[PDB]
Amino acid sequence: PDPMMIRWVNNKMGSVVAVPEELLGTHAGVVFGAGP
Amino acid sequence: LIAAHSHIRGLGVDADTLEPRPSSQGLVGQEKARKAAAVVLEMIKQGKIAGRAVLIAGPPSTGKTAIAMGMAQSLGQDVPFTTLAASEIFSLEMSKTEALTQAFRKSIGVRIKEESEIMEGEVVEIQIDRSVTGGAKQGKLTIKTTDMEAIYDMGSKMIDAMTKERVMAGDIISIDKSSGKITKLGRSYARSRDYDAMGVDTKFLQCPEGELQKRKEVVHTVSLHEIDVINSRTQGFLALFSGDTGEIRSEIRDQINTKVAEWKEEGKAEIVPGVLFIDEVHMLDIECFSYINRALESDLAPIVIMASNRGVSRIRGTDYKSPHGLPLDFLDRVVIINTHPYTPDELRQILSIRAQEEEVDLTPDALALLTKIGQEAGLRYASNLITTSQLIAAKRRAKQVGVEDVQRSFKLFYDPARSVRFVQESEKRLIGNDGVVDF
Amino acid sequence: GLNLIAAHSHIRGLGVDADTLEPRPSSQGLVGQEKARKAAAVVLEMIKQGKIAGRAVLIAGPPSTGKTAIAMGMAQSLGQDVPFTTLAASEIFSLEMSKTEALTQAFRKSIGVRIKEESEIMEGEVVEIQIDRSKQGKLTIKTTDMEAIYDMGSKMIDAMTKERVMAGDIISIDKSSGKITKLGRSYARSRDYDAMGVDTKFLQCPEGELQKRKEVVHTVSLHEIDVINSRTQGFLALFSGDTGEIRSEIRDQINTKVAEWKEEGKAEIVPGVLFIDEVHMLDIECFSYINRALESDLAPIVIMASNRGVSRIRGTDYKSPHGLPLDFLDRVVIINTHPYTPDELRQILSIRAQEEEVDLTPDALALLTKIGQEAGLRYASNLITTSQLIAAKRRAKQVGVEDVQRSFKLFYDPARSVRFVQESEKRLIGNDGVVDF
Amino acid sequence: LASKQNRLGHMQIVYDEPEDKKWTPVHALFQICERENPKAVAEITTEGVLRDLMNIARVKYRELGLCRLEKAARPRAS
Amino acid sequence: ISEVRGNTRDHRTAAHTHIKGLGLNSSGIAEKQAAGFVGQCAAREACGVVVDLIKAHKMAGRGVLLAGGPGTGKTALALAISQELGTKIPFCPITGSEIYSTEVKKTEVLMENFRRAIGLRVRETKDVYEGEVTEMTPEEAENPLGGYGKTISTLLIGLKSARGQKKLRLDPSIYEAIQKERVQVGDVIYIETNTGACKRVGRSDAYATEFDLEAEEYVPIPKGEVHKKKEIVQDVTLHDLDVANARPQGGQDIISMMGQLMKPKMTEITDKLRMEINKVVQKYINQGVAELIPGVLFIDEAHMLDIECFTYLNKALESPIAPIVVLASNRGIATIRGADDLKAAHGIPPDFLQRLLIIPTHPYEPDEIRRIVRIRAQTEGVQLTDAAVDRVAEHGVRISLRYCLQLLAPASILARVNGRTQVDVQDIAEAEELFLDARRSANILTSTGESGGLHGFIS
Amino acid sequence: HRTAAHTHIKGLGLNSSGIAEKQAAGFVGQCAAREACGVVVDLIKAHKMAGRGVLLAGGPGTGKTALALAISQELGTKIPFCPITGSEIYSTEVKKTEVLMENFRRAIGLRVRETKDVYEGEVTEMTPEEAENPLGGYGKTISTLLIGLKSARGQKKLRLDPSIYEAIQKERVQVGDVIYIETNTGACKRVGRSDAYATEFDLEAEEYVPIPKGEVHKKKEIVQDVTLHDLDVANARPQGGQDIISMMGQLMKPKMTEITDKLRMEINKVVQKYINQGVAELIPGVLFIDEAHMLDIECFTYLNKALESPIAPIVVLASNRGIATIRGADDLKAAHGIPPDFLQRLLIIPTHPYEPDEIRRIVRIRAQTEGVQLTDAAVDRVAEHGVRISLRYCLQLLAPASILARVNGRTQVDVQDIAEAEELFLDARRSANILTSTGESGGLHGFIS
Ligand SMILES: Nc1ncnc2c1ncn2[C@@H]1O[C@H](COP(=O)(O)OP(=O)(O)O)[C@@H](O)[C@H]1O
Ligand SMILES: Nc1ncnc2c1ncn2[C@@H]1O[C@H](COP(=O)(O)OP(=O)(O)O)[C@@H](O)[C@H]1O
Ligand SMILES: Nc1ncnc2c1ncn2[C@@H]1O[C@H](COP(=O)(O)OP(=O)(O)O)[C@@H](O)[C@H]1O
Ligand SMILES: Nc1ncnc2c1ncn2[C@@H]1O[C@H](COP(=O)(O)OP(=O)(O)O)[C@@H](O)[C@H]1O
């Protein structure tokens with residue numbers, strides 16, 4: 001539930017990136033497929 | 001490769017009696033100066049006696065630099081050995097005296113010992129939190145050996161090293177906790193079949209056993225000049241490599257000497273005194289000697305060994321002559337070791353050593369002719385004739401060199417004794433101190 | 001208007017026939033030096049051909065005979081195409097760069113690179129900035145003839161924001177690079193504000209079509225390319241002078257790429273002329289580098305001047321002809337000059353008269369010819385101005401015998417100054433002692 | 001300069017074909033030393049055998065422990 | 001943009017244009033009138049032995065002197081060696097009056113020229129993804145992390161080169177590149193392999209007209225591969241390693257962005273740096289990656305080096321990694337520039353002279369100057385009759401060698417101005433009075449130039 | 001533990017009545033020089049000195065600098081003593097008179113009490129409070145903070161300037177870092193994470209220290225030993241404070257500059273203000289210029305005005321020259337290299353050569369100082385070499401002759417070891433004789449003349 005930090009976690013299965021909900025409306029979600 | 005002093009493997013004396021062997025470890029053919037240099041080497045390895053001066057005087061091409069490299073190979077890579085030439089001191093950046101002071105303080109090693117903390121094990125997961133458009137980073141590293149399963153935290157520099165190394169899940173890394181370097185040793189799994197830009201499959205290592213936090217005691221040797229530069233400047237480090245050090249004031253040296261004495265008493269540091277070799281000291285002027293005579297007055301002066309070539313020469317920056325070009329208030333302090341010119345039964349075996357080093361096979365008639373040439377032109381022409389005759393024998397496809405190859409090389413390349421006559425014959429088509437004509 | 005009548009102002013080119021190389025005497029200012037001018041014409045015709053690289057041409061002779069005159073004639077009779085470089089020898093002895101590098105830059109200036117291209121620029125006055133805060137926008141620009149509306153997408157709106165373009169500016173966009181260069185404001189908006197800022201300069205409106213494309217012929221030198229590639233924003237260094245010992249690896253890369261441009265047909269190499277005036281001031285530490293820099297393919301046809309007889313070479317202590325070392329004089333070719341007959345002196349003074357628009361009676365011209373024969377050219381040419389000025393003080397149109405004799409009475413030629421010095425030795429500070437009467 | 005993304009280094013990485021005849025943009029033609037630079041090719045290589053030569057001063061400066069060593073001298077007045 | 005001119009791609013004639021090599025046999029015996037040279041047999045044989053020494057990698061700090069008078073062919077033999085060795089072995093032709101600097105000591109520019117003379121060849125690989133971006137489409141993970149919004153497990157990029165396109169699955173931590181570099185659809189990028197962080201080169205040329213005014217560089221599509229697995233040979237001189245370790249090129253702060261913004265100053269380099277670089281290059285040779293290639297430091301006009309430089313040269317030549325030093329001296333008994341005491345041969349001190357393989361150089365016979373004239377004339381293209389050749393050879397024997405090679409250009413100019421194609425005796429007899437030698441110039445200077453007066457020289 | 005050339009000297013060895021007793025505390029003989037040096041030492045320790053000239057004449061090898069180390073060990077630790085040479089002042093950044101004045105003000109010391117005001121706490125809440133920032137290019141600017149320090153007994157919640165915030169910010173102070181803000185400059189050194197956040201599962205290699213006990217606003221006094229040249233360098237190149245001149249002035253490379261007359265007078269007035277407040281104590285010292293004949297005439301000109309100052313240390317010159325030519329102007333010869341005008345300031349102390357028994361005593365002291373024991377016949381042999389050849393040649397024949405003794409299994413040095421070391425290691429005179437005799441002609445086996 002962080003305001004502006006984007007998590008990267010890499011385990012033995014794969015590696016995923018979590019984005020907080022509060023950043024999806026911003027310009028940071030254009031790569032992740034949310035956008036303005 | 002094969003330089004002019006690659007056959008030498010030390011000084012070649014005894015360890016109990018230090019008697020000069022007539023043929024041992026390259027330096028073959030001289031006994032007095034090698035025994036005296038063995039005595040100097042033993043009082044350098046003692047390390048107690050500080051501030052002497054050894055002057056290896058003698059004719060040129062007699063092995064003075066050979067004796068210096070013999071002492072250099074005999075100390076090993078522990079004691080500093082500065083190979084200073086006398087013309088390097090005349091800088092335009094810094095003063096002429098401060099270059100000498102740096103040349104003395106480069107030859108006093110300080111050997112300190114410190115404990116680092118190294119890790120070992122297989123990375124299980126990386127967890128990196130990054131901001132958007134500038135900001136701090138957060139890091140959690142889960143690492144596992146065969147016994148422990150730790151979840152460590154990370155700062156900014158550790159993440160800046162992880163992303164530089166690209167440490168994925170399933171790597172055998174070892175992190176020094178103090179210095180903060182990361183060396184990947186290999187992997188335990190295989191390469192995934194899900195991503196494209198992964199990399200190269202590294203060495204297959206198993207999971208390391210033991211513990212995570214292991215301790216290590218490393219030994220670091222820095223000269224006093226490096227301590228002077230890192231303690232003379234606030235941010236301007238790395239100037240001890242790029243030579244950008246302008247001047248170090250005396251308030252810095254008189255504090256670093258006291259702190260090195262305190263480190264010596266505490267058992268933290270140990271002072272290893274070293275050798276300052278000055279090649280062809282006759283080029284220094286009297287303004288250098290008036291400081292060299294007084295820098296050999298303290299507990300932190302290295303045992304100076306230096307060479308010379310000249311007879312009664314005039315000292316630069318003055319108007320008068322002296323033996324060896326050195327002033328007679330400085331020649332009282334020094335101790336002069338003479339070297340003698342060689343004998344042909346020694347030139348024969350010296351050329352044999354130089355031939356066996358450059359991988360050149362000979363015939364005894366060619367070696368006899370080569371010794372006859374070396375009697376009249378020195379070793380410096382004969383060794384060049386050895387290499388040249390090797391390649392001329394390689395051009396005409398011969399196994400061993402012969403008399404004809406040596407005569408060919410003697411015909412092509414003049415020794416200086418014939419080039420002097422070549423100057424003295426045709427003086428009208430060479431620019432003297434005057435005009436010249438063209439046919 | 002920053003152009004006043006100097007000594008070298010009547011020499012409008014070399015003045016020889018371009019067909020058969022015949023130096024007719026009174027043409028383009030120069031007068032009667034036929035063999036040296038013929039030899040300079042041969043040199044100029046092997047300069048414009050540009051094939052034969054790195055000669056060296058020394059111009060010896062007495063002073064006041066015309067050694068820099070022929071050099072300025074060769075400079076004028078090339079045009080702006082082939083370069084030329086007036087470097088007196090005392091410019092080399094600097095305190096920021098050494099003699100070798102400051103003489104290498106003299107060779108690097110005299111070789112041009114010529115490249116022709118098409119500039120796709122757009123002038124225009126801003127009318128209305130229309131930003132659609134929805135990314136898109138519209139820019140309305142006008143000239144004295146046209147007016148158009150061009151679309152904009154995302155980022156040059158931000159370039160407008162960083163440039164702070166208001167309605168009324170004169171913007172220019174290089175569409176091959178895409179960067180806004182605000183040229184100022186227009187005179188149609190000087191009535192608007194009252195207290196202007198500092199940075200604002202007023203300009204006329206652009207005229208003609210917005211999209212201007214034009215084929216322009218750029219000509220740079222190799223020294224330009226060397227100094228621009230020295231450091232990051234290093235282009236201002238060649239105006240300022242804040243450069244030093246440029247490394248040899250940069251010059252090696254630059255010569256390799258100029259050879260590559262000549263292979264690919266982008267560039268044309270134009271070799272030029274280096275003019276080393278008063279070469280006897282160079283010491284032997286400079287001739288030892290000139291003897292090697294005249295060997296490469298990229299070396300200009302060096303033309304040098306000299307005055308001195310059998311003199312010492314600076315830096316050493318042995319005499320030599322022309323103040324030059326003999327290993328250098330085996331390499332150069334020498335064009336000797338000669339002093340002037342009075343028949344040439346009269347018309348040289350006539351040309352210096354008609355250059356300075358000073359009218360002379362014939363008796364004054366004959367008297368001035370005799371003064372020039374007895375004292376030299378540089379003193380006779382300095383009496384035309386003085387006689388004109390003394391005639392202007394007593395309000396006479398034509399100068400006469402009286403004004404020239406007045407100018408000869410007032411100012412001393414260098415022939416009589418030596419007798420004035422040797423006449424009164426006890427008061428001039430010779431080397432030791434002064435009497436002071 | 002701190003907010004100018006260099007790109008003429010990257011031209012040597014991408015546009016690196018013999019057919020491509022060493023393409024450079026015409027508005028950046030004279031910046032030759034910006035364009036052919038071995039550091040830019042060095043930072044891309046699989047083995048870092050040239051990257052371990054280009055900054056060996058930092059590696060030797062770190063491995064001697066000249067950072068963790070206690071600062072012996074300091075100025076006597078400020 | 002830049003308009004290409006369709007002219008003739010010729011070259012320029014220097015003084016050593018006709019030299020194309022030594023011109024030896026397969027046994028080393030020289031042969032006269034071959035590859036530009038005329039005569040000079042023993043010097044070309046000795047230089048062939050030097051060339052063989054250089055290509056055999058047994059030279060490790062030798063030294064070769066070229067004696068002989070001025071205008072006899074020392075620099076000709078130097079350029080012959082440099083064209084005989086090729087291009088992939090370095091060659092740094094400094095002069096004696098090029099060590100004198102005003103930023104560093106003069107025993108340092110010598111060492112930097114040694115490091116310019118040594119080359120290092122490195123063979124490596126280059127693995128990059130390349131081309132214009134078509135899609136940036138994410139993919140939702142199988143198990144999203146609780147407490148967050150989107151959870152993306154694999155990011156897809158469609159890269160299209162000029163030959164073929166390819167879809168690419170990537171680790172999701174390419175996003176920090178794409179947000180920081182502003183990569184969009186239609187921007188060529190390259191993705192490396194060791195780290196994997198894409199860096200945009202520029203907007204492509206196909207999208208150069210979707211807008212009208214918003215312009216930047218419009219780089220074309222990469223006309224090549226999409227997956228480069230290309231190997232690279234790379235030649236770096238050790239001078240370049242010394243500079244890049246001493247003064248770092250690209251940093252991210254204020255003061256290194258003033259260091260490259262202010263003028264680069266030559267600084268003296270401490271010897272620990274050179275010792276470390278030698279110790280690590282000799283380790284990478286033993287791993288079998290890099291090849292050391294020594295070159296030639298042709299120090300022309302070696303009598304301009306003073307006595308403070310040969311002392312440093314003795315140290316520098318005793319180093320285990322050093323190139324050959326081909327000196328070039330044209331003086332007899334000369335005073336050494338530094339110490340004005342000893343009159344030594346060639347300007348070289350007698351201590352340094354013993355290291356040197358002294359190669360002589362003899363004057364030319366009076367029937368070889370005309371062969372040099374024929375070769376120089378067919379080099380420039382200036383053709384001329386045989387009596388003209390004999391007259392130029394007469395001027396060559398009686399005056400100088402360099403002077404008879406300079407009566408060919410004004411004779412050709414006067415020939416094609418007078419209305420002919422070949423040079424006759426009249427054109428050279430006319431051009432011999434427009435271009436005087438040094439001898440008649442000194443004759444005019446002494447005879448006519450009697451003393452300093454009005455119409456006289458300034459002694 | 002290294003025996004240098006001057007290790008046996010432990011002082012002048014004077015009686016209570018100032019009379020030099022021979023063979024005491026290192027020296028042997030040399031009465032008229034050691035009594036005059038004792039007079040010089042008590043001239044230093046009485047503070048009625050504002051520039052006095054003391055010359056130490058005498059030939060080489062007679063102990064001119066042994067007297068200097070005797071003075072420097074007789075004055076003590078807390079009196080400044082600056083030894084230089086005559087070749088040290090030829091610099092490349094500044095004129096050499098600047099180096100002379102920098103040595104003159106190295107040779108004057110000051111002992112100052114200072115009251116530092118530390119705020120030694122553990123950071124609890126760090127929150128910036130920016131102010132208004134209109135359109136002026138740079139953007140926002142932090143102007144006020146609310147850092148809460150938490151010591152062991154009584155916390156405090158204080159408010160900061162922008163500059164002290166930048167001092168924090170260039171130290172990377174997070175929440176939990178103990179610091180102590182120095183409210184004299186503004187500097188603030190992070191010490192480490194507090195032990196309330198301690199975790200053995202850590203990687204940053206932080207230094208965990210406990211909470212600083214006591215009041216958070218401490219105040220402590222110290223004593224400092226500062227020379228006037230230190231104040232000159234401090235006011236010349238500023239490296240204290242939190243502004244831009246004193247921050248961009250410690251990233252550049254340090255250069256010796258020319259501290260002018262006005263700064264050297266203003267710092268004198270500041271030090272007089274310290275002394276009048278009853279805080280600082282002035283202690284003048286010695287400038288020992290060894291080898292004064294290497295100084296040229298442009299330095300002996302400036303020493304006149306440097307000694308006319310109301311505050312100037314005592315100068316001790318050493319010069320082993322007879323009638324010689326001054327380095328600056330080569331047309332006036334004088335004694336010692338000193339010009340005949342500057343020589344009148346000097347109180348000239350002579351130094352006489354030694355005797356064949358004093359050499360024996362010096363050899364015995366040097367042998368029992370280095371740690372080389374030997375027999376009396378060997379002592380007589382070394383004294384014979386000392387009479388014939390030189391004084392500081394025969395002292396140096398003890399260090400090989402020990403090692404050679406240890407070659408032959410001995411402990412004490414006999415006649416054979418010195419008879420071998422006199423053949424292995426030569427002096428200068430016999431080497432020059434071999435040079436002149438063997439080096440007859442230049443050639444292959446000759447010497448470069
Ligand atoms: N005693 C010796 N043993 C082995 N090599 C020697 C000996 N004397 C001379 N040499 C060889 O001769 C060369 C010259 O010796 P060096 O010390 O360089 O002479 P110089 O002292 O005149 O400089 C060296 O390369 C060395 O290899
Ligand atoms: N042939 C000529 N016709 C006209 N004016 C000439 C001629 N030759 C020389 N002059 C003039 O004489 C002056 C001296 O020539 P210049 O080359 O300056 O002499 P110097 O070679 O001594 O410097 C110049 O100002 C030039 O205008
Ligand atoms: N053997 C040769 N064959 C042809 N041309 C030669 C020969 N030797 C010398 N030259 C020519 O002589 C000219 C001058 O010789 P140069 O190399 O300048 O002598 P140096 O080496 O003494 O300076 C050069 O232009 C060269 O072309
Ligand atoms: N009175 C003395 N007692 C003991 N040793 C002395 C005495 N005088 C001189 N020496 C010795 O002479 C050596 C050189 O003395 P020094 O002061 O360096 O001579 P100089 O006066 O020429 O500088 C020193 O090592 C010191 O041990």
# chains A, B, ... in the order shown; residues from 1 in each chain; ligands from 1

$ residues_near_ligand --ligand "ligand 1" --cutoff "6 Å" --atoms "only C-alpha atoms and all ligand atoms" --output "CSV table (one decimal) with N, CA, C and O atoms, in the first residue's frame"
chain,number,residue,atom,x,y,z
B,4,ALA,N,65.7,-6.4,-21.7
B,4,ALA,CA,67.2,-6.5,-21.5
B,4,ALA,C,67.6,-7.0,-20.1
B,4,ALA,O,68.8,-7.1,-19.8
B,5,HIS,N,66.6,-7.2,-19.2
B,5,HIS,CA,66.9,-7.7,-17.9
B,5,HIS,C,65.9,-8.7,-17.5
B,5,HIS,O,65.3,-8.7,-16.4
B,26,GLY,N,71.9,-15.7,-13.4
B,26,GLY,CA,72.0,-14.6,-14.3
B,26,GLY,C,73.2,-13.7,-14.1
B,26,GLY,O,73.9,-13.5,-15.1
B,27,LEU,N,73.3,-13.1,-12.9
B,27,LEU,CA,74.3,-12.1,-12.7
B,27,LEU,C,75.7,-12.9,-12.6
B,27,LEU,O,76.1,-13.2,-11.5
B,28,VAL,N,76.3,-13.1,-13.7
B,28,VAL,CA,77.5,-13.9,-13.8
B,28,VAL,C,78.6,-13.1,-14.3
B,28,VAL,O,78.6,-12.5,-15.3
B,29,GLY,N,79.7,-13.1,-13.5
B,29,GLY,CA,80.9,-12.5,-13.9
B,29,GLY,C,81.5,-11.4,-13.1
B,29,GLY,O,82.5,-10.7,-13.5
B,30,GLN,N,81.0,-11.2,-11.9
B,30,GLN,CA,81.5,-10.2,-11.0
B,30,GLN,C,81.3,-10.6,-9.6
B,30,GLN,O,80.3,-11.2,-9.3
B,60,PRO,N,80.3,2.5,-18.1
B,60,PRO,CA,79.0,2.0,-18.7
B,60,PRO,C,79.1,0.6,-19.2
B,60,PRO,O,80.2,0.1,-19.5
B,61,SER,N,78.0,0.0,-19.4
B,61,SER,CA,77.8,-1.4,-19.9
B,61,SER,C,78.6,-2.4,-19.0
B,61,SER,O,79.3,-3.3,-19.5
B,62,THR,N,78.5,-2.2,-17.7
B,62,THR,CA,79.2,-3.1,-16.7
B,62,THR,C,78.2,-3.7,-15.7
B,62,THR,O,78.6,-4.3,-14.8
B,63,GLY,N,76.9,-3.5,-15.9
B,63,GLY,CA,75.9,-4.2,-15.1
B,63,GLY,C,75.5,-3.6,-13.9
B,63,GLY,O,75.1,-4.3,-12.9
B,64,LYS,N,75.4,-2.3,-13.9
B,64,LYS,CA,74.9,-1.5,-12.7
B,64,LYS,C,73.4,-1.7,-12.5
B,64,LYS,O,72.9,-2.1,-11.4
B,65,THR,N,72.7,-1.4,-13.6
B,65,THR,CA,71.2,-1.7,-13.6
B,65,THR,C,70.9,-3.2,-13.4
B,65,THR,O,69.9,-3.5,-12.9
B,66,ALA,N,71.9,-4.0,-13.8
B,66,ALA,CA,71.7,-5.4,-13.6
B,66,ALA,C,71.8,-5.8,-12.1
B,66,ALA,O,71.0,-6.6,-11.6
B,350,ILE,N,78.3,-14.6,-20.4
B,350,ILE,CA,77.2,-13.6,-20.4
B,350,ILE,C,76.4,-13.7,-21.8
B,350,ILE,O,75.1,-13.7,-21.8
B,379,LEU,N,78.9,-5.4,-24.7
B,379,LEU,CA,77.7,-6.3,-24.7
B,379,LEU,C,76.6,-5.7,-25.5
B,379,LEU,O,75.8,-6.5,-26.1

$ residues_near_ligand --ligand "ligand 3" --cutoff "6 Å" --atoms "only C-alpha atoms and all ligand atoms" --output "ChimeraX atom specification"
/E:15-16,36-40,69-76,372,402

$ interface_residues --of "chain E" --to "chain D" --cutoff "8 Å" --atoms "only C-alpha atoms" --output "count of residues only"
30

$ residues_near_ligand --ligand "ligand 4" --cutoff "6 Å" --atoms "only C-alpha atoms and all ligand atoms" --output "PyMOL selection string"
chain F and resi 5-6+26-30+60-66+362+392

$ write_last_selection --atoms "C-alpha atoms" --output "short mmCIF file (atom, residue, chain, number, x, y, z; two decimals), in the first residue's frame"
data_model
loop_
_atom_site.label_atom_id
_atom_site.label_comp_id
_atom_site.auth_asym_id
_atom_site.auth_seq_id
_atom_site.Cartn_x
_atom_site.Cartn_y
_atom_site.Cartn_z
CA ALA F 5 71.90 9.55 11.75
CA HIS F 6 70.79 11.63 14.74
CA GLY F 26 75.14 12.54 23.30
CA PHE F 27 77.65 15.21 22.32
CA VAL F 28 81.41 14.93 22.60
CA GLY F 29 83.31 18.12 23.31
CA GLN F 30 82.18 21.16 21.35
CA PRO F 60 80.78 20.05 6.80
CA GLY F 61 80.90 17.12 9.15
CA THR F 62 81.22 19.17 12.31
CA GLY F 63 77.74 18.89 13.75
CA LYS F 64 75.74 21.93 12.77
CA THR F 65 72.42 20.14 12.67
CA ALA F 66 73.19 18.04 15.71
CA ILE F 362 81.74 9.54 19.01
CA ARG F 392 80.88 10.62 8.84
#

$ residues_around --residues "residue 36 (chain A)" --least-positions-apart "4" --cutoff "7 Å" --atoms "only C-alpha atoms" --output "list in words"
residues 25, 26 and 27 of chain A

$ residues_near_ligand --ligand "ligand 2" --cutoff "6 Å" --atoms "only C-alpha atoms and all ligand atoms" --output "count of residues only"
15

$ closest_atom_pairs --of "chain B" --to "chain D" --cutoff "7 Å" --atoms "only C-alpha atoms" --output "Markdown table"
| residue | atom | partner | partner_atom | distance |
| --- | --- | --- | --- | --- |
| B:220 | CA | D:64 | CA | 5.8 |
| B:231 | CA | D:73 | CA | 5.4 |
| B:252 | CA | D:73 | CA | 6.2 |
| B:255 | CA | D:73 | CA | 5.9 |
| B:256 | CA | D:73 | CA | 6.0 |
| B:259 | CA | D:72 | CA | 6.3 |

$ write_last_selection --atoms "N, CA, C and O atoms" --output "JSON list (two decimals), in the first residue's frame"
[["chain", "number", "residue", "atom", "x", "y", "z"],
["B", 220, "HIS", "N", 46.54, -4.84, 3.73],
["B", 220, "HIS", "CA", 46.61, -3.81, 2.71],
["B", 220, "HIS", "C", 47.87, -2.98, 2.88],
["B", 220, "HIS", "O", 48.13, -2.46, 3.96],
["B", 231, "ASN", "N", 44.85, 12.24, 2.50],
["B", 231, "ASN", "CA", 44.57, 13.08, 3.65],
["B", 231, "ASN", "C", 44.87, 14.54, 3.40],
["B", 231, "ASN", "O", 44.70, 15.35, 4.31],
["B", 252, "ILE", "N", 50.58, 18.89, 6.79],
["B", 252, "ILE", "CA", 49.98, 17.60, 6.54],
["B", 252, "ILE", "C", 50.98, 16.50, 6.81],
["B", 252, "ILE", "O", 50.65, 15.48, 7.43],
["B", 255, "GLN", "N", 51.65, 15.86, 10.55],
["B", 255, "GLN", "CA", 50.61, 15.11, 11.22],
["B", 255, "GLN", "C", 50.58, 13.66, 10.81],
["B", 255, "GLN", "O", 50.33, 12.78, 11.65],
["B", 256, "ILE", "N", 50.83, 13.37, 9.54],
["B", 256, "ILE", "CA", 50.79, 11.99, 9.10],
["B", 256, "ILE", "C", 51.96, 11.19, 9.65],
["B", 256, "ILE", "O", 51.81, 10.00, 9.97],
["B", 259, "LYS", "N", 50.79, 10.29, 13.19],
["B", 259, "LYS", "CA", 49.76, 9.26, 13.19],
["B", 259, "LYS", "C", 50.29, 7.90, 12.75],
["B", 259, "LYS", "O", 49.80, 6.87, 13.22]]

$ interface_residues --of "chain D" --to "chain C" --cutoff "9 Å" --atoms "only C-alpha atoms" --output "MDAnalysis selection string"
chainID D and resid 26:27 30:34 36
